[PDB]
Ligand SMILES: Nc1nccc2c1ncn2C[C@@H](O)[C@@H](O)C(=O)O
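Below sits a lone chain in structure tokens, taken as the form deposited without the named molecule.
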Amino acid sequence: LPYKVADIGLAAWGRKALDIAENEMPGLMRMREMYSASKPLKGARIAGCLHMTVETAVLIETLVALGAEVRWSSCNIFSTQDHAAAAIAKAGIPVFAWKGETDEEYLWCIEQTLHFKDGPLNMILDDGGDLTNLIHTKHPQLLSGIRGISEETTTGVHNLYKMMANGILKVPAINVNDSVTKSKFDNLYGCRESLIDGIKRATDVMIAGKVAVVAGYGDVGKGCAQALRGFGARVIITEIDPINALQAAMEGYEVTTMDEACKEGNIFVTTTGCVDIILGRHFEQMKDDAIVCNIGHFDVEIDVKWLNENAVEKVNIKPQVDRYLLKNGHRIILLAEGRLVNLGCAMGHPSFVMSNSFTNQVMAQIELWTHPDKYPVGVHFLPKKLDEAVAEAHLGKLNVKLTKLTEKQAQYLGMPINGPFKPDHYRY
């Protein structure tokens, strides 16, 4: 097929969005001005499996502008924004995705990107193992023609590692997930901004003066706490890792166990990425009308089945907002049914944060492709100098003035004027 969007008529609407986003995504735009001549991806036939949204569309066109031939599929049945896919389809790009697909239409869409006008894909841009998987299990003949892979998710990267272990990984991968520019944004900065958006949009609740308990103090936890803290709330953190617990303490946050914190919190945010964070025994302790939500792993953190199964009432107050009544007579306001509150009750992360994650994708794609034999099969990390590069693509928009190391300082520090500035073990 030429492509498949829900309403190509929505294409004019999307472009308008794409163009506003471009301003907030200076990364992908610098890639365009830096390479839309050298056309570095000239030759690449990139199959991409990634949520078809405005930001992703801006990514796609950056790939296309750098000389890449591209076919796209959304890695989530609902994540795709139709006016954005409409614009791409209209742009003459083979996009197969609409909001509200079936598992059937989903697998179909992905398969629809494997074959180009002059041969099958020779590159992969994945979010969530799916694309690398489908080809690995149901189309292994293609593997040899694929020069590389770029993966930007925890899941996908664990898989590339598992697959590697089992010797299934046939094509070299580049883990963009752990880039400091991708992680700090996708995790810390994104959640810091979008968390309170979900809460306010869903409840319009005053945050100042409330006690907010945050399970987990990893990047997402650090951002969620900082955010709440700046609003006027008393953040209590819970942790299993002594190093992360120490960091919380050093910053002035109380750190206890949920078994205790549940009796004190007014808002509860989970960040763990692990099961059984908030249980029935916790709900029974909570104050009347506590707001409970999650921004870590899709629904495995809060025990919603208990709420559904033990509450005396449940009344949907609005989309993504339920308020249960317990036998103790206390209500509990649950957000997005335990799913992600920022994507579920708000719009998820700002374009600027996507600019960092997606610019990481472009950086991987250009490197793998332009580097035929330097990367062995297996999941490798994005070379730091490239990581430094995506950071540098955003200064400017931020009106930051990087100072240049002089030849004398360079030699003194024993580092190139623009080569990597920190060793591979440097935690920033």
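So that there is no doubt, residue numbering starts at 1 and follows the sequence shown.
What follows is about the form solved in complex with the named molecule, which we do not show.
Visitor: With a cut-off of 4.5 Å between heavy atoms, is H51 one of the residues that contacts the named molecule in the entry with it bound?
Guide: The answer is yes: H51 has a heavy atom within 4.5 Å of the named molecule.
Visitor: When the contact criterion is heavy atoms within 4.5 Å, does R147 count as touching the named molecule in the entry with it bound?
Guide: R147: no contact with the named molecule in the entry with it bound.
Visitor: Just checking whether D186 would be counted as a contact of the named molecule in the entry with it bound - the rule being heavy atoms within 4.5 angstroms.
Guide: Result yes; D186 sits at the interface with the named molecule in the entry with it bound.
Visitor: Using heavy atoms and a 4.5 Å limit, would one call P94 a contact residue for the named molecule in the entry with it bound?
Guide: It does not: once the named molecule is placed as it appears in the entry with it bound, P94 has no heavy atom within 4.5 Å of it.
Visitor: Of these, 105 to 113, 314 to 322, 151 to 159, 86 to 94, which stretch puts a heavy atom within 4.5 angstroms of the named molecule in the entry with it bound?
Guide: Answer to the contact question: 151 to 159.
Visitor: Looking at the named molecule in the entry with it bound, do all three of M31, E367 and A391 come within 4.5 Å of it through at least one heavy atom?
Guide: No, none of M31, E367 and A391 comes within 4.5 Å of the named molecule in the entry with it bound.
Visitor: Which one, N175, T203, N342, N266, lies within 4.5 Å of the named molecule in the entry with it bound by heavy atoms?
Guide: Of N175, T203, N342, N266, the residue with a heavy atom within 4.5 Å of the named molecule in the entry with it bound is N342.
Visitor: Tell me, out of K182, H136, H282, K210, which residue has a non-hydrogen atom within 4.5 angstroms of the named molecule in the entry with it bound.
Guide: Here the answer is residue option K182.
Visitor: Rigid parts turn against each other between this form and the one not shown - so which of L125, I333, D186, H83 is at the hinge?
Guide: That would be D186, the one at the hinge.
Visitor: Pin down for me whether the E367-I417 Cα distance shrinks or grows in the entry with it bound relative to this form (closer or farther, change of 3 Å or more).
Guide: Pair moves farther apart in the entry with it bound.
Visitor: Given a change of 3 Å or more, say if the Cα atoms of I417 and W369 sit closer or farther in the entry with it bound than in this form.
Guide: Distance between the C-alphas of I417 and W369: longer in the entry with it bound, by 3 Å or more.
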